[PDB]
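Listed next as structure tokens: two forms of one protein chain, kept apart as structure 1 and structure 2.
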Structure 1
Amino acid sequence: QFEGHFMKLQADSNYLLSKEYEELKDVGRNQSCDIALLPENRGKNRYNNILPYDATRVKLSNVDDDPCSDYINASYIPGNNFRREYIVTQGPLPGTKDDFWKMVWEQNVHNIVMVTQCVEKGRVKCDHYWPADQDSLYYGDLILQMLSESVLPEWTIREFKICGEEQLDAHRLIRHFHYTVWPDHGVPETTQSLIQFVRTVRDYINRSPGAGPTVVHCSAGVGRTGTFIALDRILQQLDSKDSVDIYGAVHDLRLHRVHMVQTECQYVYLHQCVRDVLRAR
């Protein structure tokens, strides 16, 4: 079973756990990121070393006169159910926030997951890319209105109405799930916190059939974002199988985007979450 597997991984000061994590290090990394490296796109990446692969990047519709107008730092990611179950992205920049909302619109996104604060330890990690109040705003040609904001202990849930300017009756409801307690150092203090957050989000995702991919982001869109997605996938497997494959999930993530589950600590945390679920049952 899982508990015995994890016991063996943790034996000898996590020796086999480390070895397994290190086996994933080169996965996916021979893939080109030439589009992301075009000079015209340079300002559109938050981090030089976190770029989407050409094979898996999300494309925006082209705006005439600008061939590089298709670019956003964003990647498609598989889950248990669909090949493009998620779109992962960086925390938007002031200059990419209209692109972000354009992607949300064009990809039929109904659910957005944000696993960061805008500022952490005095560093800007993500722009405040959504409305501050209930007054509506255009991001490019898209109209956005916050209908509700619910500040809970460990997350904030917001509802937005989005529509194109030239068709006001064809609007969409979008939910935004903002995990607000990820600590400045390490991983969350409890497994309970991220497990409950993931299950909360999943229960909303299951009630949005016909939606496009779920957007997940943090600052770079790799570590916390990858941990969120891996956890979502493995908790579904547990509920269904119950046959958990944490290694396989992280491997598949790495094929789609660099650094997904970016630290060994996050990889350990995934194993702890699953153990804790099983212990509670």
Structure 2
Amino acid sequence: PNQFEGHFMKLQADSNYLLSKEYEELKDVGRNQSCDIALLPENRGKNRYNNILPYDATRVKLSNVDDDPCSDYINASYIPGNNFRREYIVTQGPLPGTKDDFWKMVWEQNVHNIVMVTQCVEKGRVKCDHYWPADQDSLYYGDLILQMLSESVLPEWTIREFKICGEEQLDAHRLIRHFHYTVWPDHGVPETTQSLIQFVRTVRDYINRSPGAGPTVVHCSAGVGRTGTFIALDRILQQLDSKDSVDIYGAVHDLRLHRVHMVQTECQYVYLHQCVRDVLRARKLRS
């Protein structure tokens, strides 16, 4: 905290010289791991980006469907957090042909919270399929029934609540909360730190009310840059509140070990430091 201020100032000195060096030191982390399963021909249509594939060692697996050996594949990865080896699932923005798989994963992994930090279309480019219902009428995604119960649209984010259940056991329904941050440009950062800090705190306070829940799903278009920055910020805000020492480098390092390119740009890495500095200054103001 008080140490982070001096540490950040050290990194920013000489036009971010040491910050850049530190970020460049991470470029190769985790990238010698294989992605052979994602490269199977029958999974080719299931990847939004050729260059963004999950590692075999950390990918999320769907239950196998008979007569299809590749029915277990989804472009998604487990990510550790501050308290669980599988605290998050990161994935790509679903395609029309994979959104049934996305909801199957949500159901099978006991997911109660989904975080989306991309718009479906940005600057005229499709980034994600509108994979949730457009109204309150329920519809099936594969063998799963989904129904949107509420939708609150604010200028910076939208929060929705879905009801999910299997067709065989309608009484075993589950509530899912969906947190959609809508003002985060691809490959960039939000216009203020305060905005994403408030969003992250909003999500975390909801996550903490679901202690028995499976991983929290976080996704953007690729499930890399904006997704990685959200998770890193979530982790370090928790560390700061728990009075522990913030470790931004370590959080991003750990992310990279589990999925390629997490926190995609140096500017996103800088933004993470600025968030911590801004929190400390708002708190040090009282002292």
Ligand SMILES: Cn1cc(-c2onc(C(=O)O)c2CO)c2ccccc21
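Residue 1 is the first residue of structure 1, and the numbers go on in sequence order from there. Each form is matched to the other, and the largest set of C-alpha atoms that superpose within 1.5 Å is called the rigid core. Shifts are known only where both forms have a C-alpha.
Between the two renderings of this chain, the form solved in complex with this ligand is found in structure 2; structure 1 comes from elsewhere. Core superposition between structures 1 and 2 leaves every listed residue (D133, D184, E189, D203) with a C-alpha shift below 2 angstroms except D184.
Relative to the superposed core, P153 has its Cα moved 2.5 Å between structures 1 and 2. In a core-based superposition, a mobile segment is defined as at least three consecutive common residues whose CA atoms each shift by 2 Å or more; between structures 1 and 2, just one such segment exists, spanning 183-186.
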